[PDB]
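The primary structure of each chain is shown beneath.
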Amino acid sequence: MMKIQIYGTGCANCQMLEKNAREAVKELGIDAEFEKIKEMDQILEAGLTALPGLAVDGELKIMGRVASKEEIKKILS
């Protein structure tokens, strides 16, 4: 349900929030599909200015530092 994009993958520590996001996003009561975007062409297209950009449902709010598990629940709840 929730379209979540992870820009960076490699150097980008999105890996942490990546796992937390899947369980929380889906568990919160809405499944989410996490597709990685290994290419700045796609990264910048998102709108983020940092590497570890995270755009959900077409809205990026994480750049240069992926969110935390506790942050997700607090951001959504």
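Residues numbered from 1 in each chain as written, not as in the entry; some residues may be left out. Heavy atoms only, no water.

Looking at the PDB entry, one finds the protein named conserved hypothetical protein MtH895 and attributed to Methanothermobacter thermautotrophicus str. Delta H. According to the record, the entry carries the title "NMR structure of a thioredoxin, MtH895, from the archeon Methanobacterium thermoautotrophicum strain delta H". Listed in UniProt under the heading Function, the comment for the protein reads: "Does not function as a glutathione-disulfide oxidoreductase in the presence of glutathione and glutathione reductase. Has low thioredoxin activity in vitro." (UniProt positions renumbered as here; feature names shortened; annotations may be inferred.)

A. Local environment of the pairing of strand β2 (residues 32-37). As paired strands, strand β1 (residues 2-7) and β2 are joined by six bridges and run parallel to one another. Note that in β2 the partner of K3 across the bridge is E33. For the segment spanning β1, helix α1 (residues 15-27) and β2, crossover handedness is right-handed. (Pairing = 2+ DSSP bridges. Helix = DSSP H or I, 4+ residues; strand = E, 2+ residues; numbered from the N terminus. Right-handed = clockwise from strand over helix to strand, strands pointing away.)

B. Broad picture of the nonpolar core. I4, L17 and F34 are the most contacted members of the largest nonpolar core, which totals 15 residues. Of all the secondary-structure elements, those providing two or more residues to this core are β1, α1 and β2. If one sorts the elements of this core by residue count, α1 sits on top with four residues. Those residues in contact with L17, other than ones at most four positions away along the chain, are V66, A67, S68, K69 and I72. Membership of the second largest hydrophobic core comes to six residues, among which are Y7, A46, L48 and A55. (Core = buried A, V, L, I, M, F, W, Y, C linked by side-chain atoms within 4.5 Å. Buried < 20%, exposed > 50% of the residue type's maximum accessible area, 1.4 Å probe, protein only. Contact = heavy atoms within 4.5 Å.)

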